[PDB]
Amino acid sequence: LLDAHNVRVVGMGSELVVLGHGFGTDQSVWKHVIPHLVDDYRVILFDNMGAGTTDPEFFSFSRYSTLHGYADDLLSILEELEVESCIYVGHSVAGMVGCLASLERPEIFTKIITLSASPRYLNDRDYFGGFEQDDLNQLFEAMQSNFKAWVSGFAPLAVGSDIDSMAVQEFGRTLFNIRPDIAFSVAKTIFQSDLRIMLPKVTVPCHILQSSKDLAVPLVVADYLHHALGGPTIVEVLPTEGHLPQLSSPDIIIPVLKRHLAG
């Protein structure tokens, strides 16, 4: 592999840091953040399977029907790279994927930093995730009725900000580039996932980073992960709007992510 996930390892720093991305983008979501990590950290970047920068020959609809397929990829990349010990930074579902990987090898991860991560988008009894199943059905029907019109309305809500903003236009490009059946299946694997039962067995320290205004992750989800993760945790709410604040507001995320990387 490595070439299969477009693994790039840049930097000269002492500490290893792995950067993961969420649905609809790729490792270029960190493009504004990387140059501020190279001096103090050795940065490891990779693309999730199914992304627009990825060959559909390697995407298995059965392997990625659960988030275990994404966690096995992460553990397989760290094995090939001979990673003994690193900090893992995970955006959106990749933050939960990093927690799922720490269940199998907790000694690899000294620290987990989650950005806009949620263990479950579905509401439930005494759990506010944000979405009802009829909200999911309409998003799954609209995604299959007109995939391009769905992207045009999903990207400004996901990133926040204006439709003429550069970040919204770039996320829309990367999201549109996912093959529509692959995008439909991955969106079903992600929006219907429920990782609340694995949280108390996570023993890796997690720094829970969250935007104050995130439409896919309510602010109370950051507090749920604060009490339910079994390892030592801390929460920092970012003064940003949107689910991809490292893309649309990098100048705010850089100092906060840097302080949590060293603390």
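Start at 1 and count along the sequence shown; that's the residue number.
Legend: mean Cα B-factor per stretch from the PDB entry, 221-229 versus 49-57; the higher mean is in 49-57. Annotation for 86-94 versus 129-137: the higher mean temperature factor (C-alpha) is found in 129-137. In this entry, the residue among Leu78, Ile178, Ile113, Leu122 with the greatest C-alpha B factor is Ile178. The maximum CA B-factor among the listed residues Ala117, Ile190, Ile163, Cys99, taken from the PDB record, is found at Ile163. Residue-level temperature factors show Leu247 in the highest third of its chain, judged at the C-alpha atom.
Among the modelled residues of the chain, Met12 sits in the middle third by CA temperature factor in this PDB entry.
Among all modelled residues in this chain, the alpha-carbon of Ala155 has a temperature factor (C-alpha) in the middle third. When the modelled residues of the chain are ordered by their C-alpha B factor, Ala71 lands in the lowest third.
For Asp26, the recorded CA B-factor ranks within the lowest third of the chain. Only modelled residues enter the ranking.
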